[PDB]
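Shown here is one chain on its own, the form deposited in one PDB entry, set out as structure tokens.
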């Protein structure tokens, strides 16, 4: 009936603002406060954080509009969907705060004659803020299970796409005096990681180099690569694709890190045959987004069928619970 349609459309409209508020509420500290305390006071929160209170009221209202919170007086309370939304909060951030400009510009991005040069913008800073927690909450457990079953003690580890440095820091903690090499394409990340490494006492163990897995052989730290016996690479596998570029990069990595014994490669992958009305969280946004950026996403099976050609043998594999279909390969 028409009343059902009004309601469902209104919900779509309001989910939009709830969606954008989920990641905002996270960044601003609201969700955390709500998880500990079950309850908060809007004004008191606004004063403490020094936020424009009429906008704060809207934020929670947006969240309340779809049952993530409940409002009673000037009090906001966790609602029936608080845990699900909060569990997945960094995905909403990725979607909105990170990638909001891409989806906004849909009528501009879809036309073929616009799809040349740099044809879309995203907030690089926002993306790395969400990708941090995305790595931690979704990929880490499997990353550690892979490390748990290496069958040897690494002496030198390289991490492709090292971001903030935290993965190499945790590795140094696991294996006290291991050396670390982080490869990152971004100068901001490098400086940040050098600072954070230094901050935690590892300046002497962990160093960073500017670069891309895809041109890893042109990198001037190349002579340090012979020492590396563990290789890691999370959340950028798909950017090695198309398939023939992937084969090339994998071979380049094989040759440049000849003494690597295990290479842990983690990423999300493209799903097949999920029906339109049962699509889980993230999946459509991840997939639709990369199609909008004209970036191909392999499936699990496509990864499976590229390793040997790329010069690697896959010896273990771990599914992620649950971020579309995501996986950690162990290669050798």
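Residue numbers count along the first chain shown, from 1. By rigid core we mean the largest C-alpha set that fits within 1.5 Å across both forms.
Not pictured, yet referred to below: the form deposited in another entry.
When the two forms are overlaid on the rigid core, CA displacement between this form and the one not shown of 2 Å or more is confined, within 102, 247, 78, 172, to 172.
Fitting the two forms on the rigid core leaves the C-alpha of residue 257 displaced by at least 2 angstroms between this form and the one not shown. Annotation: Cα of residue 91 displaced by less than 2 Å between this form and the one not shown, core superposition. With the core held fixed, residue 215 shows a CA shift of 2 Å or greater between this form and the one not shown.
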